[PDB]
């Protein structure tokens, strides 16, 4: 007798699906756990052509994004969020059971999830104490590695990776592996993007998204920026129609010049609010340390983090626990929402302090 489960691939039977969920519908009122823009930006459909298939790579979207990012349109690929971008890279360059990817914890969990689901070895090299790259460590473990992911600014720690070190990492991987800079949060520190580096690195790829600064996580729309050769290789493994018409429709609107202007005003907003929360947190008794941030979230180390986490959780204030992340013992990640929401966190944290 054979069960359906016995027919499933070994790795599929043993893996643990990504822990993104942690809901409590109608239970909590303050959501600061997913790094989402705190307020809804409305968009209405303009293309009533739903009976016809869309273009594999909607032209308006690709062009509007290329324009915004300062790259050529043939250097842009649009997918169902950065999540799909992460997948495509592995799908195109990593031979299952032979090649490996490499990332440096503590960082985003999707790199690992995709490789493990697909069947590609996950090589890890923890970042240093300040979360910068352990360059020497990476140099000793590139054998068999085809793709290297590096998040900058990094989630959940918040800091930018030393560009000087990216230079080094790019040199170590030249002719050996693709380096993928996850710039999910680059909108908050646009001047640190590596997008202008494409002309000197044929193996550099960049992940972008509309789920954060752009306040359109609901659209599940993201992009990959890379040289022609890389984009075309990725186009060979992508689904024929990855983007729905309604998403292409509104994404193109969100990327219009006026759209870009509003996105930037949302950024200035979050940055000013972030600096407020950062200043206040450091003064709260139960707060041991607040780490610098170039994003829309703050990592802080608390006294009895689990107790604090649970207390605020029961009060409708949902944060993201980082307690099990390597080196982040006692840390919680706080998303930057509105002034009201930041005040809720502050007032709740002040109620602890034992």
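Numbering follows the first chain given and starts at 1.
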{"item": "Unmodelled residue 24 in at least one third of other entries with both flanks present", "value": "yes"}
{"item": "146-154 or 173-181, whichever carries the higher mean Cα B-factor", "value": "173-181"}
{"item": "Residue stretch of maximal mean CA temperature factor, 260-268 vs 203-211", "value": "260-268"}
{"item": "Residue with highest C-alpha B-factor in the PDB entry, from 57, 295, 64, 289", "value": "289"}
{"item": "Third assignment of residue 116 from its chain's C-alpha B-factors", "value": "middle"}
{"item": "Record-listed C-alpha B factor of residue 134: chain third", "value": "lowest"}
{"item": "Lowest, middle or highest third - CA B-factor, residue 91", "value": "middle"}
{"item": "B-factor third for the C-alpha atom of residue 106 within its chain", "value": "lowest"}
{"item": "Entry-reported Cα temperature factor of residue 97, expressed as the chain third it lands in", "value": "highest"}
